(Lines of atoms letter the chains of each structure in order from A and count residues from 1; the text may use other names and numbers.)
(Lines give C-alpha, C1' and ligand atoms only; values in the text may rest on other atoms or scores of the structure.)
Protein backbone atom coordinates (compact mmCIF):
# COMPACT_ATOMS: atom_id res chain seq x y z
CA UNK A 1 0.00 0.00 0.00
CA UNK A 2 0.94 3.66 -0.51
CA UNK A 3 0.33 6.77 1.58
CA UNK A 4 -1.43 9.42 -0.54
CA UNK A 5 1.69 11.47 -1.34
CA UNK A 6 3.79 8.31 -1.76
CA UNK A 7 1.44 7.31 -4.57
CA UNK A 8 2.22 10.68 -6.25
CA UNK A 9 5.90 10.33 -5.21
CA UNK A 10 6.39 13.93 -4.26
CA UNK A 11 9.49 13.01 -2.24
CA UNK A 12 11.41 12.57 -5.55
CA UNK A 13 11.06 16.33 -6.01
CA UNK A 14 12.87 17.08 -2.71
CA UNK A 15 16.50 16.71 -1.84
CA UNK A 16 17.78 14.88 1.23
CA UNK A 17 18.21 18.04 3.32
CA UNK A 18 14.62 19.08 2.57
CA UNK A 19 13.32 15.61 3.41
CA UNK A 20 15.33 15.70 6.63
CA UNK A 21 13.74 19.03 7.64
CA UNK A 22 10.25 17.60 7.08
CA UNK A 23 11.06 14.51 9.12
CA UNK A 24 12.59 16.56 11.93
CA UNK A 25 9.56 18.86 12.24
CA UNK A 26 7.19 15.90 12.00
CA UNK A 27 8.98 14.20 14.87
CA UNK A 28 8.81 17.40 16.95
CA UNK A 29 5.12 17.71 16.26
CA UNK A 30 4.46 14.05 17.12
CA UNK A 31 6.43 14.11 20.37
CA UNK A 32 6.01 17.66 21.73
CA UNK A 33 2.65 18.88 20.37
CA UNK A 34 0.32 16.04 19.43
CA UNK A 35 0.02 14.66 22.98
CA UNK A 36 -1.32 18.05 24.19
CA UNK A 37 -3.31 19.38 21.25
CA UNK A 38 -6.77 18.06 22.22
CA UNK A 39 -6.52 19.76 25.62
CA UNK A 40 -5.10 22.97 24.16
CA UNK A 41 -7.97 23.18 21.66
CA UNK A 42 -10.71 22.41 24.22
CA UNK A 43 -9.31 24.87 26.75
CA UNK A 44 -8.52 27.46 24.03
CA UNK A 45 -4.92 27.91 25.00
CA UNK A 46 -1.56 27.80 23.19
CA UNK A 47 1.13 28.28 25.85
CA UNK A 48 3.65 31.12 25.50
CA UNK A 49 6.39 28.56 26.44
CA UNK A 50 6.05 26.95 22.98
CA UNK A 51 7.75 30.09 21.53
CA UNK A 52 11.09 28.85 22.94
CA UNK A 53 10.49 25.28 21.75
CA UNK A 54 9.82 26.54 18.22
CA UNK A 55 12.83 28.84 18.53
CA UNK A 56 15.10 25.97 19.54
CA UNK A 57 13.68 23.77 16.75
CA UNK A 58 14.83 26.42 14.27
CA UNK A 59 11.58 27.29 12.53
CA UNK A 60 11.24 30.95 13.59
CA UNK A 61 12.42 33.10 10.69
CA UNK A 62 13.93 29.97 9.13
CA UNK A 63 13.93 31.34 5.57
CA UNK A 64 15.72 34.54 6.68
CA UNK A 65 19.51 34.85 6.52
CA UNK A 66 21.49 35.86 9.62
CA UNK A 67 20.66 36.81 13.22
CA UNK A 68 20.59 33.19 14.28
CA UNK A 69 18.01 32.27 11.66
CA UNK A 70 18.30 28.90 9.94
CA UNK A 71 18.78 30.45 6.45
CA UNK A 72 16.96 27.68 4.63
CA UNK A 73 15.46 27.86 1.19
CA UNK A 74 11.77 28.55 0.64
CA UNK A 75 10.84 24.92 -0.04
CA UNK A 76 12.23 23.95 3.36
CA UNK A 77 10.15 26.67 5.12
CA UNK A 78 7.12 25.33 3.24
CA UNK A 79 7.74 21.78 4.40
CA UNK A 80 8.15 22.95 7.99
CA UNK A 81 4.84 24.82 7.74
CA UNK A 82 3.18 21.70 6.31
CA UNK A 83 4.40 19.60 9.25
CA UNK A 84 3.39 22.19 11.87
CA UNK A 85 -0.13 22.46 10.42
CA UNK A 86 -0.47 18.67 10.25
CA UNK A 87 -0.24 19.06 14.00
CA UNK A 88 -2.61 22.02 14.18
CA UNK A 89 -3.08 25.25 12.22
CA UNK A 90 -2.49 27.15 15.49
CA UNK A 91 1.11 25.91 15.49
CA UNK A 92 1.70 27.00 11.89
CA UNK A 93 -0.10 30.32 12.55
CA UNK A 94 2.27 31.13 15.42
CA UNK A 95 5.26 30.54 13.13
CA UNK A 96 3.72 32.43 10.13
CA UNK A 97 3.27 35.46 12.32
CA UNK A 98 6.68 35.25 14.05
CA UNK A 99 8.75 34.77 10.87
CA UNK A 100 7.04 35.83 7.69
CA UNK A 101 5.06 38.73 9.25
CA UNK A 102 6.91 40.12 12.33
CA UNK A 103 10.55 39.20 11.64
CA UNK A 104 10.23 39.82 7.86
CA UNK A 105 8.69 43.27 8.41
CA UNK A 106 11.81 44.19 10.46
CA UNK A 107 14.29 42.36 8.22
CA UNK A 108 13.03 43.96 5.02
CA UNK A 109 11.88 47.43 6.19
CA UNK A 110 13.67 48.06 9.49
CA UNK A 111 16.69 50.08 10.50
CA UNK A 112 19.88 48.38 11.51
CA UNK A 113 19.03 49.25 15.12
CA UNK A 114 15.66 47.53 14.85
CA UNK A 115 17.16 44.42 13.24
CA UNK A 116 19.85 44.20 15.90
CA UNK A 117 17.39 44.86 18.77
CA UNK A 118 14.74 42.28 17.75
CA UNK A 119 15.76 39.69 15.17
CA UNK A 120 18.02 37.46 17.35
CA UNK A 121 15.44 37.36 20.14
CA UNK A 122 12.56 36.69 17.78
CA UNK A 123 14.57 33.90 16.05
CA UNK A 124 15.21 32.28 19.41
CA UNK A 125 11.61 32.62 20.58
CA UNK A 126 12.80 34.76 23.52
CA UNK A 127 10.55 37.56 22.21
CA UNK A 128 7.25 37.27 20.41
CA UNK A 129 6.02 39.48 17.55
CA UNK A 130 2.63 40.28 16.04
CA UNK A 131 1.39 42.01 12.89
CA UNK A 132 -1.45 44.50 13.12
CA UNK A 133 -2.97 45.14 9.71
CA UNK A 134 -6.69 44.18 9.87
CA UNK A 135 -9.21 46.44 11.59
CA UNK A 136 -12.83 45.76 12.61
CA UNK A 137 -14.11 47.54 9.46
CA UNK A 138 -11.32 46.61 6.96
CA UNK A 139 -9.86 43.14 6.27
CA UNK A 140 -10.04 42.33 2.56
CA UNK A 141 -9.58 46.06 1.83
CA UNK A 142 -6.65 47.22 4.05
CA UNK A 143 -6.25 50.29 1.85
CA UNK A 144 -9.24 51.62 3.82
CA UNK A 145 -7.58 51.29 7.24
CA UNK A 146 -8.35 54.01 9.82
CA UNK A 147 -5.55 53.60 12.35
CA UNK A 148 -3.69 56.91 12.16
CA UNK A 149 -0.18 58.07 13.05
CA UNK A 150 0.36 61.83 13.50
CA UNK A 151 3.59 63.65 14.26
CA UNK A 152 4.09 65.57 17.54
CA UNK A 153 7.51 67.18 17.08
CA UNK A 154 9.82 64.25 16.28
CA UNK A 155 7.48 61.80 18.04
CA UNK A 156 4.54 59.88 16.54
CA UNK A 157 1.07 59.52 18.12
CA UNK A 158 -0.95 56.46 17.06
CA UNK A 159 -4.74 56.01 17.39
CA UNK A 160 -6.81 53.13 16.16
CA UNK A 161 -7.99 49.56 16.63
CA UNK A 162 -6.66 46.38 14.98
CA UNK A 163 -8.68 43.17 15.09
CA UNK A 164 -8.03 39.42 14.71
CA UNK A 165 -4.34 39.88 15.51
CA UNK A 166 -2.59 36.54 16.10
CA UNK A 167 -0.29 36.63 19.13
CA UNK A 168 -1.45 40.14 20.10
CA UNK A 169 -1.71 39.36 23.82
CA UNK A 170 1.61 37.43 23.85
CA UNK A 171 3.70 39.85 21.82
CA UNK A 172 6.59 41.99 23.04
CA UNK A 173 6.51 43.99 19.81
CA UNK A 174 3.74 44.76 17.35
CA UNK A 175 4.27 45.80 13.74
CA UNK A 176 1.38 48.22 13.34
CA UNK A 177 0.30 49.66 10.00
CA UNK A 178 -1.22 53.12 10.01
CA UNK A 179 -2.23 55.94 7.75
CA UNK A 180 -0.09 59.08 7.83
CA UNK A 181 -0.09 62.46 6.04
CA UNK A 182 2.16 60.86 3.40
CA UNK A 183 0.52 57.43 3.07
CA UNK A 184 0.60 54.07 4.82
CA UNK A 185 3.57 53.53 7.16
CA UNK A 186 4.64 50.84 9.62
CA UNK A 187 5.71 51.20 13.23
CA UNK A 188 7.27 48.92 15.80
CA UNK A 189 5.19 49.32 18.97
CA UNK A 190 6.57 47.87 22.22
CA UNK A 191 3.49 46.28 23.77
CA UNK A 192 4.18 47.87 27.18
CA UNK A 193 3.87 51.36 25.67
CA UNK A 194 1.20 53.39 27.56
CA UNK A 195 -2.05 53.52 25.56
CA UNK A 196 -1.48 50.10 23.95
CA UNK A 197 -3.87 47.36 25.09
CA UNK A 198 -4.34 43.81 23.78
CA UNK A 199 -7.70 42.12 24.56
CA UNK A 200 -7.89 38.34 23.93
CA UNK A 201 -10.71 37.02 21.72
CA UNK A 202 -12.61 34.07 23.23
CA UNK A 203 -15.45 31.79 22.07
CA UNK A 204 -13.79 30.91 18.83
CA UNK A 205 -14.81 27.68 17.09
CA UNK A 206 -11.70 27.89 14.85
CA UNK A 207 -8.07 28.33 15.87
CA UNK A 208 -8.78 27.78 19.55
CA UNK A 209 -5.16 26.54 20.00
CA UNK A 210 -3.95 30.04 19.09
CA UNK A 211 -3.97 33.50 20.65
CA UNK A 212 -6.03 36.04 18.69
CA UNK A 213 -6.51 39.63 19.88
CA UNK A 214 -7.98 43.05 19.56
CA UNK A 215 -5.33 45.80 19.76
CA UNK A 216 -6.45 49.23 20.97
CA UNK A 217 -4.07 52.16 20.50
CA UNK A 218 -5.18 55.25 22.50
CA UNK A 219 -2.73 58.09 22.02
CA UNK A 220 0.24 55.77 21.82
CA UNK A 221 3.42 57.94 21.79
CA UNK A 222 6.52 56.63 20.00
CA UNK A 223 9.84 58.13 19.03
CA UNK A 224 10.86 58.84 15.43
CA UNK A 225 13.05 55.72 15.56
CA UNK A 226 9.97 53.47 15.96
CA UNK A 227 8.99 53.88 12.30
CA UNK A 228 10.16 51.13 9.92
CA UNK A 229 12.12 53.48 7.70
CA UNK A 230 11.86 51.69 4.37
CA UNK A 231 8.11 50.81 4.42
CA UNK A 232 5.96 53.05 2.24
CA UNK A 233 2.44 52.36 1.05
CA UNK A 234 0.29 49.25 1.08
CA UNK A 235 3.00 47.37 -0.84
CA UNK A 236 4.98 46.99 2.40
CA UNK A 237 2.43 45.04 4.49
CA UNK A 238 1.38 43.12 1.33
CA UNK A 239 4.98 41.97 0.80
CA UNK A 240 4.94 40.47 4.28
CA UNK A 241 1.59 38.80 3.57
CA UNK A 242 3.03 37.26 0.41
CA UNK A 243 5.80 35.63 2.50
CA UNK A 244 3.25 34.23 4.97
CA UNK A 245 0.85 33.17 2.22
CA UNK A 246 3.63 31.09 0.67
CA UNK A 247 3.93 29.15 3.94
CA UNK A 248 0.16 28.61 4.03
CA UNK A 249 0.24 27.09 0.49
CA UNK A 250 2.22 24.24 2.08
CA UNK A 251 0.65 24.43 5.56
CA UNK A 252 -2.91 23.70 4.48
CA UNK A 253 -1.66 20.48 2.83
CA UNK A 254 -0.42 19.27 6.20
CA UNK A 255 -3.87 19.59 7.75
CA UNK A 256 -5.23 17.75 4.72
CA UNK A 257 -2.60 14.98 4.85
CA UNK A 258 -3.02 14.44 8.58
CA UNK A 259 -6.79 14.22 8.16
CA UNK A 260 -6.54 11.84 5.24
CA UNK A 261 -3.89 9.48 6.70
CA UNK A 262 -5.78 9.33 10.02
CA UNK A 263 -8.97 8.52 8.16
CA UNK A 264 -7.45 5.88 5.88
CA UNK A 265 -6.17 4.15 9.02
CA UNK A 266 -9.63 4.37 10.57
CA UNK A 267 -11.22 2.78 7.50
CA UNK A 268 -8.88 -0.19 7.85
CA UNK A 269 -9.68 -0.61 11.56
CA UNK A 270 -13.46 -0.15 11.37
CA UNK A 271 -15.67 -3.04 10.25
CA UNK A 272 -19.14 -2.24 8.85
CA UNK A 273 -21.46 -5.08 7.70
CA UNK A 274 -18.74 -7.64 8.35
CA UNK A 275 -16.01 -6.09 6.11
CA UNK A 276 -13.46 -3.32 6.70
CA UNK A 277 -14.85 0.08 5.75
CA UNK A 278 -11.90 0.46 3.32
CA UNK A 279 -13.34 -2.42 1.24
CA UNK A 280 -16.43 -0.54 0.02
CA UNK A 281 -16.64 1.39 -3.23
CA UNK A 282 -18.11 4.47 -1.58
CA UNK A 283 -15.15 4.65 0.80
CA UNK A 284 -12.58 4.13 -1.92
CA UNK A 285 -14.15 6.83 -4.05
CA UNK A 286 -13.72 9.36 -1.25
CA UNK A 287 -10.16 8.25 -0.41
CA UNK A 288 -9.12 8.39 -4.08
CA UNK A 289 -10.70 11.77 -4.81
CA UNK A 290 -9.13 13.26 -1.68
CA UNK A 291 -5.74 11.79 -2.55
CA UNK A 292 -5.95 13.30 -6.03
CA UNK A 293 -6.50 16.80 -4.61
CA UNK A 294 -3.78 16.45 -1.98
CA UNK A 295 -1.15 15.36 -4.51
CA UNK A 296 -2.05 18.05 -7.01
CA UNK A 297 -1.78 20.61 -4.20
CA UNK A 298 1.64 19.29 -3.17
CA UNK A 299 2.90 19.47 -6.78
CA UNK A 300 1.66 23.08 -6.91
CA UNK A 301 3.32 24.01 -3.58
CA UNK A 302 6.68 22.58 -4.59
CA UNK A 303 6.44 24.26 -8.02
CA UNK A 304 5.77 27.64 -6.40
CA UNK A 305 8.62 27.04 -3.90
CA UNK A 306 11.07 26.36 -6.73
CA UNK A 307 10.01 29.57 -8.51
CA UNK A 308 10.34 31.47 -5.23
CA UNK A 309 13.91 30.24 -4.63
CA UNK A 310 14.89 31.11 -8.24
CA UNK A 311 13.71 34.55 -9.49
CA UNK A 312 10.92 35.01 -6.94
CA UNK A 313 7.22 34.25 -7.13
CA UNK A 314 4.61 36.86 -8.13
CA UNK A 315 1.57 37.52 -5.93
CA UNK A 316 -0.88 36.13 -8.48
CA UNK A 317 1.15 32.90 -8.65
CA UNK A 318 0.95 32.60 -4.84
CA UNK A 319 -2.83 33.16 -5.27
CA UNK A 320 -3.05 29.92 -7.32
CA UNK A 321 -1.69 28.01 -4.36
CA UNK A 322 -3.50 29.92 -1.59
CA UNK A 323 -6.87 29.65 -3.32
CA UNK A 324 -6.45 26.01 -4.31
CA UNK A 325 -4.69 24.39 -1.43
CA UNK A 326 -6.76 25.90 1.40
CA UNK A 327 -10.16 25.26 -0.22
CA UNK A 328 -9.18 21.73 -1.22
CA UNK A 329 -7.75 21.08 2.29
CA UNK A 330 -10.96 22.11 4.04
CA UNK A 331 -12.94 19.88 1.66
CA UNK A 332 -10.67 16.93 2.49
CA UNK A 333 -10.99 17.47 6.26
CA UNK A 334 -14.80 17.69 6.01
CA UNK A 335 -15.08 14.60 3.79
CA UNK A 336 -12.79 12.61 6.06
CA UNK A 337 -15.06 13.43 9.02
CA UNK A 338 -17.98 11.71 7.25
CA UNK A 339 -16.00 8.43 7.09
CA UNK A 340 -15.34 8.48 10.84
CA UNK A 341 -19.02 8.57 11.71
CA UNK A 342 -19.89 9.43 15.29
CA UNK A 343 -16.30 9.00 16.42
CA UNK A 344 -15.41 11.93 14.19
CA UNK A 345 -17.43 14.54 16.17
CA UNK A 346 -14.94 14.76 19.05
CA UNK A 347 -11.32 15.81 19.36
CA UNK A 348 -10.16 12.14 19.23
CA UNK A 349 -9.45 12.13 15.48
CA UNK A 350 -8.07 15.24 13.81
CA UNK A 351 -10.41 15.92 10.83
CA UNK A 352 -13.12 18.03 12.50
CA UNK A 353 -10.56 20.13 14.35
CA UNK A 354 -8.65 20.61 11.10
CA UNK A 355 -11.82 21.60 9.22
CA UNK A 356 -12.70 24.18 11.88
CA UNK A 357 -9.19 25.59 11.92
CA UNK A 358 -9.16 25.78 8.12
CA UNK A 359 -12.17 28.15 8.26
CA UNK A 360 -9.77 30.82 9.51
CA UNK A 361 -7.03 29.81 7.00
CA UNK A 362 -9.61 30.15 4.13
CA UNK A 363 -10.40 33.71 5.23
CA UNK A 364 -7.12 35.19 6.44
CA UNK A 365 -4.13 36.26 4.34
CA UNK A 366 -6.64 37.09 1.59
CA UNK A 367 -9.98 35.32 1.33
CA UNK A 368 -10.63 32.72 -1.39
CA UNK A 369 -12.56 35.42 -3.29
CA UNK A 370 -9.67 37.89 -3.12
CA UNK A 371 -7.30 35.29 -4.57
CA UNK A 372 -9.85 34.23 -7.16
CA UNK A 373 -10.21 37.82 -8.34
CA UNK A 374 -6.42 38.33 -8.35
CA UNK A 375 -6.13 35.38 -10.73
CA UNK A 376 -8.99 36.78 -12.81
CA UNK A 377 -7.18 40.11 -13.17
CA UNK A 378 -3.98 38.32 -14.27
CA UNK A 379 -5.90 36.43 -16.98
CA UNK A 380 -7.95 39.33 -18.31
CA UNK A 381 -6.14 42.58 -17.47
CA UNK A 382 -9.31 43.86 -15.75
CA UNK A 383 -9.68 44.31 -11.98
CA UNK A 384 -13.14 43.22 -10.79
CA UNK A 385 -12.83 43.87 -7.03
CA UNK A 386 -14.90 47.06 -7.45
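Numbering follows the first chain given and starts at 1.
- According to the PDB record, 54-62 carries the higher mean C-alpha B-factor of the two stretches 330-338 and 54-62.
- Averaged over Cα atoms, the B-factor as recorded in the entry is higher for 227-235 than for the other of 227-235 and 71-79.
- Ranking 26, 353, 34, 322 by the C-alpha B-factor listed in the PDB entry places 34 at the top.
- Reading the B-factor column for the CA atoms of 246, 118, 138, 94 in the entry, the top value corresponds to 118.
- In this PDB entry, residue 49 carries a Cα temperature factor that places it within the highest third of its chain's modelled residues.
- Per the PDB record, residue ranking by Cα B-factor puts residue 15 in the highest third of the chain.
- In the PDB entry, a CA B factor belonging to the highest third of its chain's modelled residues is recorded for residue 188.
- Sort the chain's modelled residues by C-alpha temperature factor and residue 270 lands in the middle third, per the entry.
- Among the modelled residues of the chain, residue 253 sits in the lowest third by CA temperature factor in this PDB entry.
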